[PDB]
Every structure is written in structure tokens, then in C-alpha cells.
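To start, the structure under review is shown below, and the notes come after it.
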Amino acid sequence: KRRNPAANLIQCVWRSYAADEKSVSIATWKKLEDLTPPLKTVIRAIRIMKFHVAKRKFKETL
Amino acid sequence: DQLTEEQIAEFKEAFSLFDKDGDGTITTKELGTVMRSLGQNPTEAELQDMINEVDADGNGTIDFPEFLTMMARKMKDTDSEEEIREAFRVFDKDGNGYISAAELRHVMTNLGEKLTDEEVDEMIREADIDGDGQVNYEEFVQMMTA
Ligand SMILES: [Mg+2]
Ligand SMILES: [Mg+2]
Ligand SMILES: [Mg+2]
């Protein structure tokens, strides 16, 4: 069953969405504060890359 | 929603923080340096996997065109919308289009890269906006697809 891959993909969607510029969140930047604007883009680029990995892992369970 | 000239300048800025040697490519060694500088502890298999899924040309590294398409597309493409939607139906066993907030909070704190209680609290607050204990994942997907 695709329970764990689907869970991991949903986890990457939220972390990417919670980190987005028009979003507000303090628990997605836990222990990460006063961040430079390019620094936030870097974390957004990392979380977007994690999403594409999760989507590929979840697709391969079909 | 399309990309302005300013955000492109900010995308190059962030790209140059990965491409620290300034040759216009991002390798697993450059990416791993940025991630572990942010408290992460990834393995090279994960580093190689992160490069591969955004390596459109397949040359092994990430150039700025690939980095730019990646940052502009977000999760808005059709393949992502159908896949994110299919990932939610795995837990929609009632087949109605709704998933209890208690069940979703449970699985997101017990499976995969599990969220902590602070992270999951913010997610349920946006998954179950009206607070009826039910999540309309079809409306939730389009929320984060944007
Ligand atoms: Mg380079
Ligand atoms: Mg490439
Ligand atoms: Mg609701």
C-alpha cells in the first residue's frame, strides 16, 4: 500500500507551502529566525527539491 | 501568476548561494554544503536524488535555467496537482472527499518525515479551516497549488 509514500509527499507539500512568501508560519522555521531574504529562497529551493523527490517516490508505488 | 524581473534577480541570488564556485552548475557537493550548513544531515543518495528530479537536461548538475523553472513552477503543474490529489485519497477510505483532522494529524506525526506537534498544529489549522474536524482535501490541494 502507498500509505508511507503518500504521507511523505503530503509532508513535502505542506513544508513547501508553509515556507512560501505569501504564507505565514513560525513552526515551519522552528529554530530558524531573522532569516535573510535570499536565505528564505534557498530553503524554499531545498523544500521544492524534496517535493519532486517525494512525488517521484510516490509515483513509483503505482 | 507569472514571474517578474525582480524575482528573477532574487532567484539568481539564491542560485549563486548553491553555486558557490560560480561556474553556473550545482553539484551534490555544492548542494550538500548548503543543506548541512542549515542543520540538515543528508546522504549522498538523497543529494543525488534531489539533483536528478530537477535535472531536466540530465547532465548531472543543475544550471540556472533548470533552477529557474523549478522555482517558478512550484507545485502548480498538472502532474503535481494530480499526484498531490492522489496522495490524499490514500487516506480517504470513505471515498467521500473528506478526511478527519484527527486521522490526518495522526498519520502526519507517525509516518514518513513526521511533522512535530508544532508543525502539525499549523497544518491542521489550515487543513480544517472551519474547524468541523473534517478536511476537504480537494479544496486543500488547490489552496497549496495556488
Ligand atoms: Mg557550480
Ligand atoms: Mg542539468
Ligand atoms: Mg472542514
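Residue numbers begin at 1 in each chain, while the letters A, B, ... track the order of the sequences.
At a threshold of 4.5 Å between non-hydrogen side-chain atoms, the residues B:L38 and A:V42 count as touching.
Both B:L31 and B:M70 are part of a single hydrophobic cluster, where members link through side-chain heavy atoms under 4.5 Å apart. Follow the hydrophobic side-chain contacts under 4.5 Å out from B:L115 and you never reach A:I43; the two are in separate clusters. A continuous path of hydrophobic side-chain contacts links B:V34 to B:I51 [ILVMFWY only; heavy atoms under 4.5 Å]. Taking hydrophobic clusters as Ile, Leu, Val, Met, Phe, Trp and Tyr residues chained together by side-chain heavy-atom distances below 4.5 Å, B:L68 does not share a cluster with A:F51.
With chain B as partner, the option from A:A7, A:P37, A:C12, A:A18 having the largest number of non-hydrogen pairs under 4.5 angstrom is A:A7. If you tally non-hydrogen atom pairs under 4.5 Å between each of A:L32, A:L62, A:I46 and chain B, the highest count goes to A:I46. The most heavy-atom pairs under 4.5 Å with chain A, out of B:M71, B:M123, B:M50, come from B:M123.
The contact between A:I48 and chain B is made entirely by side chain atoms (from C-beta outward), counting heavy-atom distances below 4.5 Å. Neither the backbone nor the side chain of B:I62 comes within contact range of chain A; no heavy atoms are under 4.5 Å apart. Heavy-atom distances place both the backbone and the side chain of A:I26 under 4.5 Å from chain B. Interface remark: B:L17 contributes side-chain atoms only to the contact with chain A (heavy atom separation under 4.5 Å).
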Between chain A and chain B, going by a 3.5 Å limit, which atoms form donor-acceptor pairs, if any?
from  : atom 1 : to     : atom 2 : distance (Å)
A:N4  : OD1    : B:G112 : N      : 3.0
A:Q11 : OE1    : B:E113 : N      : 2.9
A:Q11 : NE2    : B:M108 : O      : 3.3
A:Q11 : NE2    : B:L111 : O      : 2.6
A:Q11 : NE2    : B:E113 : O      : 3.1
A:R15 : NE     : B:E119 : OE1    : 3.2
A:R15 : NH1    : B:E113 : O      : 3.3
A:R15 : NH2    : B:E113 : O      : 3.4
A:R15 : NH2    : B:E119 : OE1    : 3.2
A:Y17 : OH     : B:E126 : OE1    : 3.1
A:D20 : OD1    : B:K74  : NZ     : 2.8
A:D20 : OD2    : B:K74  : NZ     : 3.1
A:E21 : OE1    : B:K74  : NZ     : 3.3
A:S25 : OG     : B:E122 : OE1    : 2.4
A:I26 : N      : B:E122 : OE2    : 3.0
A:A27 : N      : B:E122 : OE1    : 3.4
A:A27 : N      : B:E122 : OE2    : 2.9
A:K30 : NZ     : B:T116 : OG1    : 2.3
A:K30 : NZ     : B:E119 : OE2    : 3.0
A:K50 : NZ     : B:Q40  : OE1    : 3.4
A:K55 : NZ     : B:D79  : OD2    : 2.6
A:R56 : NE     : B:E53  : OE2    : 3.3
A:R56 : NH2    : B:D49  : OD1    : 2.9
A:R56 : NH2    : B:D49  : OD2    : 2.6
A:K59 : NZ     : B:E83  : OE1    : 3.1

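For residues 49-73 of chain B, the ring pair (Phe, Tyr, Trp, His ring centres under 6.0 Å) pairs, not counting sequence neighbours, are B:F15-B:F64, B:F15-B:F67, B:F18-B:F67.
In this structure, the side chain to side chain contact (heavy atoms under 4.5 Å, CB included) partners of A:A6, at least two apart in sequence or on a different chain, are A:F58, B:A87, B:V90, B:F91.
Between the CG atom in A:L9 and the CD1 atom in B:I84 there is a gap of 6.0 Å [rounded to 0.5 Å].
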